[PDB]
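Notes for the structure review
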Amino acid sequence: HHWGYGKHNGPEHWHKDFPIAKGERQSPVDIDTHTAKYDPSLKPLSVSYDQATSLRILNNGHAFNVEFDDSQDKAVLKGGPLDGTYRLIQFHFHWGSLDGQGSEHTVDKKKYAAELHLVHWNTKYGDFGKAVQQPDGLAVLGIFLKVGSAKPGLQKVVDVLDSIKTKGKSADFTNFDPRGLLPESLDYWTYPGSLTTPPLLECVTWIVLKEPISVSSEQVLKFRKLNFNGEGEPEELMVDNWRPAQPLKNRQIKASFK
Ligand SMILES: NS(=O)(=O)c1cc(C(=O)NCCO)c(SC2CCCCC2)cc1Cl
Ligand SMILES: [Zn+2]
């Protein structure tokens, strides 16, 4: 039946329902750090999350989303490679069954334990659903996670996961500050790509930070206790919910640094 990450419905099957899976600007990609060229014309990124209003956390059967009120200009991304203003709508993660895999992007073929995606939509198109129909509709800030020291700012998310164990469960999640998930440096790579989940639309400017954040083994172990299945169905741990790297094709990855 429906797409997922399992034995029979995972990434290698998605093209049959979503032929753009084999398109010309698919994500994620391996970032070859020696080939990415420093681009002096990029700007510092502007991440303005001071007025971010979180509302709720949802297990959607693929990952979990932390949702924001995007009905006004509050939490916005701009600058860097972007023109105009992009509003935060949600964040989620991809992660592995073991610490040696889980990220979607890779760096010189290195896999991180997990990757955080902060999803934003371009306010010139009025709403998220119109934005995903445009080549410059979305901007995703991607952040790698390695296992080491705990990330204090992640603990509020970790502790609510037992309340949204299974697909379709949600919980109130107000007053969460996403600034606590950022690394110290905003040095980044950028390229034109796609959603990494069906429908795989080619509507995303990717901005991938170079500096990972560190989370503890105990924090990532709580992610791995979530379930892909619904309540009362046989348990399928939510692990390995990442799409592998796709062909770069006719694209350049640009560096904001060096
Ligand atoms: N992994 S990613 O490329 O950052 C990305 C993921 C999703 C997303 O939440 N996917 C889960 C299955 O729908 C969404 S929202 C989703 C996709 C379009 C229709 C609305 C649901 C947007 C992005 Cl950019
Ligand atoms: Zn994602």
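The sites that carry the UniProt feature "domain: Alpha-carbonic anhydrase" are, in the present numbering, residues 1-257. Taken end to end, residues 1-257 comprises 7% helix and 29% strand; its first and last C-alpha atoms sit 45 Å apart.

In terms of nonpolar packing, the biggest core is built from 50 residues, with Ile57, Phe64, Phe91, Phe93, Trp95 and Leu141 touching the most fellow members. If you list the elements that add at least two residues to this core, you get strand 5 (64-68), strand 7 (86-95), strand 9 (114-122), strand 10 (138-147), helix 2 (155-160), strand 13 (204-209) and strand 14 (213-215). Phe91 has contacts with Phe64, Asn65, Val66, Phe68, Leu116, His117, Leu118, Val157, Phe176, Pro178 and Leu181, leaving out every residue within four places of it along the chain. Residues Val119, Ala131, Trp189 and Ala255 belong to the second largest nonpolar core, which totals 23 residues.

Opposite charge on two side chains permits them to pair, given that their charged atoms come into close proximity. This model, assessed by the stated rule, comprises six salt bridges. For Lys74, the salt bridge identified is with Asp69, shortest N-O distance 2.9 Å. Given the relative accessible area of 24%, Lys74 is considered partly exposed. Taking the shortest distance from any N to any O, the salt bridge between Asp99 and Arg224 comes out at 2.8 Å. In this pair, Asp99 sits in the loop between strand 7 and strand 8 (106-107) while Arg224 sits in the loop between helix 3 (217-223) and strand 15 (254-255), placing the two residues 125 residues apart along the sequence.

Here we take up the site of ligand 1. Close to ligand 1 lie 14 residues; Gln90, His117, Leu195, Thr196 and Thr197 are nearest. Interatomic distance of 3.2 Å between a side-chain N/O atom of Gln90 and an oxygen atom of ligand 1. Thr196 places a side-chain nitrogen or oxygen 2.8 Å from a nitrogen atom of ligand 1. Protein chains bury 80% of the 540 Å² of accessible surface belonging to ligand 1 in isolation. Elements with a contribution of two residues or more to the shell around ligand 1: strand 7, strand 9 and strand 10. No other element matches strand 7, which puts three residues into the shell around ligand 1. Classifying every residue of the shell around ligand 1 by side-chain character gives seven nonpolar, seven polar and no charged.

Analysis parameters
- Residues numbered from 1 in each chain as written, not as in the entry; some residues may be left out.
- Chains lettered and ligands numbered in written order.
- Heavy atoms only, no water.
- Residues with missing side-chain atoms left out of burial classes, pairs and counts.
- UniProt positions renumbered as here; feature names shortened; annotations may be inferred.
- Helix = DSSP H or I, 4+ residues; strand = E, 2+ residues; numbered from the N terminus.
- Core = buried A, V, L, I, M, F, W, Y, C linked by side-chain atoms within 4.5 Å.
- Buried < 20%, exposed > 50% of the residue type's maximum accessible area, 1.4 Å probe, protein only.
- Contact = heavy atoms within 4.5 Å.
- Salt bridge = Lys/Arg side-chain N within 4 Å of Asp/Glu carboxyl O.
- Near = heavy atom within 4 Å.
- Polar contact = N/O pair within 3.5 Å; in protein donor to acceptor, adjacent residues only side chain to side chain.
- Areas by Shrake-Rupley, 256 points an atom, 1.4 Å probe, with all protein chains shown as cover.
- Nonpolar A, V, L, I, M, F, W, Y, C, P; charged D, E, K, R; others polar.

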